[PDB]
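Following: one structure in structure tokens, then a few remarks.
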Amino acid sequence: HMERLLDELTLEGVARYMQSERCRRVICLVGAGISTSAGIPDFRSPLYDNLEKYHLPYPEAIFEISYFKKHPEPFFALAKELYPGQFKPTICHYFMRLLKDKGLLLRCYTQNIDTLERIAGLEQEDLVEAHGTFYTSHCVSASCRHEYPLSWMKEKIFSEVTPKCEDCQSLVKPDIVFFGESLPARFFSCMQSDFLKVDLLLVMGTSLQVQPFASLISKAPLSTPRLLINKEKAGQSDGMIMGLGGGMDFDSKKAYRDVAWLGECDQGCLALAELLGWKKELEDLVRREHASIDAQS
Ligand SMILES: NC(=O)c1ccc[n+]([C@@H]2O[C@H](COP(=O)([O-])OP(=O)(O)OC[C@H]3O[C@@H](n4cnc5c(N)ncnc54)[C@H](O)[C@@H]3O)[C@@H](O)[C@H]2O)c1
Ligand SMILES: Cc1cc(C)nc(SCC(=O)Nc2ncc(Cc3cccc4ccccc34)s2)n1
Ligand SMILES: [Zn+2]
């Protein structure tokens, strides 16, 4: 039987393992659930309605790069409607910032496009924005590719002026991955390397149903522990490679490394930080950084 790095399948067992010498390199996989406490909805059933007024040939047209390029106005009107009114990263995001500053964070793979990871102080090298990001935008012409910052894009969105490139007048598109586009190059380079070197996988606020995350959990070594912090269980499996070839196993007789902590991401992170002796550091970090944002309003 495989080496069992967790002494028990609980948050407590994960924390003891994190403090042990073996655990040096943590990868986080994070989705829309880490940003809902920041006032950014995750598009469960509570988006389709906002679409009707745009008179699309079909609803999925809003996500299609092909359709964007000929009829960009629906997308930019939606982006206005959905633009967050403020950008205060959550307790969960700051938990990741603690991981960075303690030298524990190998990588944050995020499905979010809201930039809160960066606002919380994760740097480009810490991040794989698996679904791209609003943080930058580019002219869509292959020979130009001029880059625009978020301040530029925001103004176009709020002014309701379709963003055109100042060099060539082609459309300028936010660097988010529309259906039709390839995942960022950065995604492919990092993943190979990262996932051999990982000691702990921390999966927060994702149902693990969309790409690329849905593959990623099985790329960790087989002994690497995997903690999910989420409102509901996710990533569970119902071929040749047997133990290599499915998902989370939290509840079977054979479960040996995967743990599900059910509830709000912020609360789960606060609970883990508390076990680790980091609760005051985290609370102090959040207060200071939220204050720093509030002082600029
Ligand atoms: N903040 C954002 O950038 C944002 C917001 C909405 C949607 N999206 C896009 O939609 C897709 C969403 O994919 P995903 O896999 O990241 O999310 P998802 O579709 O799996 O939804 C988030 C998951 O977290 C859970 N959840 C919600 N709030 C929670 C909380 N506070 N604590 C714990 N669990 C909570 C939900 O129940 C769900 O399991 C991505 O393409 C993403 O870019 C991004
Ligand atoms: C507009 C804005 C700006 C910033 C900085 N942050 C946010 S977070 C809030 C939010 O849900 N917004 C969104 N904008 C566009 C959305 C749908 C969509 C459509 C088409 C392609 C997509 C490609 C990839 C992902 C989504 C795509 S959801 N929103
Ligand atoms: Zn251009």
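Residue names in the structure tokens use chain letters A, B, ... in the order shown, residue numbers from 1 in each chain, and ligand numbers from 1 in the order shown.
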Neighbours of ligand 1 within 6 Å, counting only C-alpha atoms and all ligand atoms, as a list in words?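 My answer, listing the contacting residues, is residues 31, 32, 33, 34, 35, 36, 37, 40, 41, 42, 43, 111, 112, 113, 114, 131, 205, 206, 207, 208, 210, 230, 231, 263, 264 and 265 of chain A.
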As a list in words, please: the residues near residue 162 (chain A) (cut-off 8 Å, only C-alpha atoms, same-chain neighbours under 5 positions excluded). residues 72, 73, 76, 156, 157 and 171 of chain A
Can you tell me which residues sit at most 12 Å away from ligand 3, counting only C-alpha atoms and all ligand atoms, written as a PyMOL selection string? chain A and resi 137-148+163-173
Using only C-alpha atoms and all ligand atoms, what are the residues with an atom within 9 Å of ligand 2, set out as a ChimeraX atom specification? /A:32,35,40-43,47,60-65,68,75-76,78-84,87,111-116,131-135,150,153-154,157,174-179
Check the smallest atom-to-atom distance from each of A:186, A:191, A:71, A:95 to residue 124 (chain A) using only C-alpha atoms, then report the winner. A:186
For residue 85 (chain A), which residue out of A:229, A:128, A:29, A:158 is the nearest one, using only C-alpha atoms?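 With only C-alpha atoms as the atom set, the closest residue is A:158.
By chain and then residue number, the residues within 9 Å of residue 270 (chain A) are residues 91, 92, 95, 265, 266, 267, 268, 272, 273, 274, 275, 278, 279, 282 and 283 of chain A, counting only C-alpha atoms and disregarding those fewer than 2 positions away in sequence.
Here CA of residue 152 (chain A) is placed at a distance of 29.2 Å from CA of residue 287 (chain A).
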Extract the full set of strand (DSSP E or B) residues from region 69-139 of chain A according to DSSP on the backbone, and format it as a list in words. residues 105, 106, 107, 108, 109, 110, 127, 128, 129, 132, 133, 134, 135, 136, 137, 138 and 139 of chain A
Using N, CA and C atoms, can you export the residues from the last selection as a PDB file, in the first residue's frame?
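New file selection_10.pdb:
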```
ATOM      1  N   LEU A 105       3.876  28.392  -1.252  1.00  0.00           N
ATOM      2  CA  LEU A 105       3.075  28.376  -2.448  1.00  0.00           C
ATOM      3  C   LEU A 105       3.901  28.111  -3.702  1.00  0.00           C
ATOM      4  N   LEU A 106       3.755  26.906  -4.243  1.00  0.00           N
ATOM      5  CA  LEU A 106       4.319  26.625  -5.556  1.00  0.00           C
ATOM      6  C   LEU A 106       3.514  27.300  -6.666  1.00  0.00           C
ATOM      7  N   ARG A 107       2.177  27.247  -6.601  1.00  0.00           N
ATOM      8  CA  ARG A 107       1.366  27.855  -7.658  1.00  0.00           C
ATOM      9  C   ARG A 107      -0.099  27.987  -7.257  1.00  0.00           C
ATOM     10  N   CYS A 108      -0.761  29.053  -7.722  1.00  0.00           N
ATOM     11  CA  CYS A 108      -2.198  29.160  -7.661  1.00  0.00           C
ATOM     12  C   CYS A 108      -2.721  29.042  -9.041  1.00  0.00           C
ATOM     13  N   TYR A 109      -3.445  27.964  -9.303  1.00  0.00           N
ATOM     14  CA  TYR A 109      -4.192  27.843 -10.523  1.00  0.00           C
ATOM     15  C   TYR A 109      -5.581  28.384 -10.253  1.00  0.00           C
ATOM     16  N   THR A 110      -5.989  29.450 -10.958  1.00  0.00           N
ATOM     17  CA  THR A 110      -7.297  30.039 -10.738  1.00  0.00           C
ATOM     18  C   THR A 110      -8.150  29.935 -11.979  1.00  0.00           C
ATOM     19  N   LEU A 127       1.022  32.671 -10.333  1.00  0.00           N
ATOM     20  CA  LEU A 127      -0.309  32.449 -10.890  1.00  0.00           C
ATOM     21  C   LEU A 127      -0.351  31.741 -12.219  1.00  0.00           C
ATOM     22  N   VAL A 128      -1.364  30.893 -12.357  1.00  0.00           N
ATOM     23  CA  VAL A 128      -1.829  30.413 -13.637  1.00  0.00           C
ATOM     24  C   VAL A 128      -3.306  30.767 -13.696  1.00  0.00           C
ATOM     25  N   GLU A 129      -3.605  31.742 -14.535  1.00  0.00           N
ATOM     26  CA  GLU A 129      -4.959  32.177 -14.738  1.00  0.00           C
ATOM     27  C   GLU A 129      -5.508  31.336 -15.835  1.00  0.00           C
ATOM     28  N   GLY A 132      -7.829  32.937 -18.079  1.00  0.00           N
ATOM     29  CA  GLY A 132      -7.443  34.259 -18.499  1.00  0.00           C
ATOM     30  C   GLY A 132      -7.861  35.237 -17.445  1.00  0.00           C
ATOM     31  N   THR A 133      -7.895  36.515 -17.809  1.00  0.00           N
ATOM     32  CA  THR A 133      -8.137  37.530 -16.782  1.00  0.00           C
ATOM     33  C   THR A 133      -8.483  38.822 -17.441  1.00  0.00           C
ATOM     34  N   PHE A 134      -9.216  39.654 -16.694  1.00  0.00           N
ATOM     35  CA  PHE A 134      -9.468  40.996 -17.140  1.00  0.00           C
ATOM     36  C   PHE A 134      -8.285  41.926 -16.912  1.00  0.00           C
ATOM     37  N   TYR A 135      -7.277  41.464 -16.157  1.00  0.00           N
ATOM     38  CA  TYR A 135      -6.168  42.344 -15.765  1.00  0.00           C
ATOM     39  C   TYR A 135      -5.507  43.002 -16.948  1.00  0.00           C
ATOM     40  N   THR A 136      -5.413  42.273 -18.058  1.00  0.00           N
ATOM     41  CA  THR A 136      -4.938  42.876 -19.307  1.00  0.00           C
ATOM     42  C   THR A 136      -5.871  42.564 -20.435  1.00  0.00           C
ATOM     43  N   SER A 137      -5.781  43.414 -21.468  1.00  0.00           N
ATOM     44  CA  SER A 137      -6.511  43.208 -22.700  1.00  0.00           C
ATOM     45  C   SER A 137      -5.571  43.421 -23.872  1.00  0.00           C
ATOM     46  N   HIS A 138      -5.885  42.824 -25.034  1.00  0.00           N
ATOM     47  CA  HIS A 138      -5.050  43.006 -26.225  1.00  0.00           C
ATOM     48  C   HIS A 138      -5.875  43.289 -27.485  1.00  0.00           C
ATOM     49  N   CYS A 139      -5.326  44.123 -28.336  1.00  0.00           N
ATOM     50  CA  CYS A 139      -5.790  44.221 -29.717  1.00  0.00           C
ATOM     51  C   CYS A 139      -5.804  42.828 -30.351  1.00  0.00           C
TER      52      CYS A 139
END
```
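Shortest atom-to-atom contact with residue 100 (chain A) among A:69, A:27, A:155, A:260: A:27, counting only C-alpha atoms.
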Can you pull out every residue within 8 Å of residue 198 (chain A), counting only C-alpha atoms, but drop anything in the same chain fewer than 6 positions away, and send it as an MDAnalysis selection string? chainID A and resid 25:27 106 220:221 224
Check the DSSP output for the backbone and give back, as a compact mmCIF listing (two decimals) with N, CA and C atoms, in the first residue's frame, the residues of region 88-125 of chain A in alpha helix (DSSP H).
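Ended up saving to out.txt:
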```
# COMPACT_ATOMS: atom_id res chain seq x y z
N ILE A 91 -10.83 36.55 2.77
CA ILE A 91 -10.00 35.81 3.66
C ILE A 91 -9.22 34.69 2.96
N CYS A 92 -9.93 33.93 2.13
CA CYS A 92 -9.33 32.88 1.34
C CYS A 92 -8.19 33.38 0.46
N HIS A 93 -8.40 34.47 -0.28
CA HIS A 93 -7.30 35.00 -1.09
C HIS A 93 -6.08 35.33 -0.21
N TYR A 94 -6.30 35.93 0.96
CA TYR A 94 -5.20 36.31 1.86
C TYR A 94 -4.52 35.11 2.51
N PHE A 95 -5.27 34.04 2.68
CA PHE A 95 -4.67 32.77 3.10
C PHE A 95 -3.64 32.34 2.07
N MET A 96 -3.96 32.50 0.80
CA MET A 96 -2.99 32.22 -0.25
C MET A 96 -1.79 33.17 -0.24
N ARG A 97 -2.00 34.43 0.08
CA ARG A 97 -0.91 35.38 0.25
C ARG A 97 0.02 34.98 1.42
N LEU A 98 -0.56 34.44 2.50
CA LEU A 98 0.27 33.91 3.56
C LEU A 98 1.11 32.75 3.06
N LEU A 99 0.50 31.83 2.30
CA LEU A 99 1.26 30.77 1.70
C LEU A 99 2.43 31.28 0.87
N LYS A 100 2.21 32.34 0.08
CA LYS A 100 3.29 32.88 -0.74
C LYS A 100 4.44 33.37 0.16
N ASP A 101 4.10 34.20 1.14
CA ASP A 101 5.09 34.86 2.00
C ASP A 101 5.81 33.90 2.91
N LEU A 116 -8.63 39.30 -8.22
CA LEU A 116 -8.49 39.45 -6.72
C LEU A 116 -7.22 38.76 -6.23
N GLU A 117 -6.79 37.69 -6.90
CA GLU A 117 -5.50 37.06 -6.55
C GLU A 117 -4.35 38.05 -6.59
N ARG A 118 -4.31 38.87 -7.64
CA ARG A 118 -3.28 39.86 -7.82
C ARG A 118 -3.45 40.97 -6.83
N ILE A 119 -4.68 41.37 -6.61
CA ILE A 119 -4.94 42.44 -5.65
C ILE A 119 -4.49 42.02 -4.27
```
